[PDB]
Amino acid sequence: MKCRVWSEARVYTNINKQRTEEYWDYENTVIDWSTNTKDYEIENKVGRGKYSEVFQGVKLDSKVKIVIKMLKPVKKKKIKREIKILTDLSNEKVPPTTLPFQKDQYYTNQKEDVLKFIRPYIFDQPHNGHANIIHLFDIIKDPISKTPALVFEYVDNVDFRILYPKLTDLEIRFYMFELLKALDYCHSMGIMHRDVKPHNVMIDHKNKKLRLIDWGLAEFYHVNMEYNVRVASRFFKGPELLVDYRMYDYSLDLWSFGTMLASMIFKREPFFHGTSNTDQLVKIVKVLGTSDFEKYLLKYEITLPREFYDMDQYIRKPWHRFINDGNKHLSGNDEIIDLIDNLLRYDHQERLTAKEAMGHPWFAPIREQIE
């Protein structure tokens, strides 16, 4: 037990007490691999990452386009985990987020100090966030090569560095709302994504379609579990990961979301541009400031890792400092600044939840168009 002060999710705290081993015990699953690779014709390469090479293909049966994620070698339990998470998310008959909202089943952390973080706004309607999770269609393993592969639905994506600069204010609102729906759903299912970033969000702009992909670092949330902090990707890592506060939760994803948002709105990519793991924290504290950083360390009685003792003292950078004529069409309103400010907080408990964020004034033009 690394952590000194313990922490629990503010919301969806007890999903994996409600659900049992058959849902979350991925280690003790048996993967029924399809031997028949002849069902799929692999065509061009569509991307790559730390854990795979990804190709677009065709299911010969139906001629439907698919993608095939050819998995690099990793521990077998990591493959079981990705598959179990994907199947849990796609196979849920009645997604919790489509049911009527129950405040008292939602805000489940009843510590007096955590309840002061409940926002006076919240998105309290059913929504289709489950439809923004990528669908896993098949799991294949060549009998010769023995390469495991995941077959997904295909999304017609453009690199974020090409697409995002083209997006209007309203379009950013739209897509980031879609992403929040996806996160509200997976969190409602007791799952943390743990790698929210642009390359893990596929957008087919002509079909106004968004899919949250790459569930290979996702985990099930268990109360007071200490997780590995070497997850997510550098620029999107929350302060909890960097200071080795292991008892984190779904709120990690909201920091990552917030960093994506700040980059889009302020047109600084990435927003927190660490040149190393150590420097990632420096880049964050250079904005949010040493004062609130210290208060956060004190709140959780965090022993700061050794590497961070060469950090200088930094005064907070007000968000308005990042506004300029190149981005004022996106950044020049009080709503977006308040939204970003309420996502990017050292203390993971202080951060907006996905539902709270969805209820924020900035998304009003999007919510107005729902009905």
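Definition used throughout: the rigid core is the maximal C-alpha set that superposes within 1.5 Å between two forms. Start at 1 and count along the sequence shown; that's the residue number.
Core superposition of the other structures onto this form places the C-alphas of 146 to 154 farther off in 4 other deposited structures of this protein than those of the other stretch among 183 to 191 and 146 to 154. Take 198 to 206 and 135 to 143, fit the other structures onto the shown form by the rigid core, and average the C-alpha distances in 4 other deposited structures of this protein: the farther stretch is 135 to 143.
Relative to its counterpart among 284 to 292 and 190 to 198, 284 to 292 has the higher mean temperature factor, C-alpha atoms as listed in the PDB entry. Look at the mean CA B-factor for 175 to 183 and for 148 to 156 in the entry; the higher one is 148 to 156.
Among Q102, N132, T168, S233, the highest C-alpha B-factor recorded in the PDB entry belongs to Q102. Residue-level inspection of the entry shows that, of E240, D253, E226, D124, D124 has the top Cα B-factor.
When the CA B factors of the chain's modelled residues are split into thirds, the value for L343 lands in the lowest one.
In the PDB entry, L212 places in the lowest third of its chain by CA B-factor. Residue-level temperature factors show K116 in the highest third of its chain, judged at the C-alpha atom. In the PDB entry, a CA B factor belonging to the lowest third of its chain's modelled residues is recorded for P96.
Annotation for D204: CA B-factor lies in the middle third of the chain's modelled residues.
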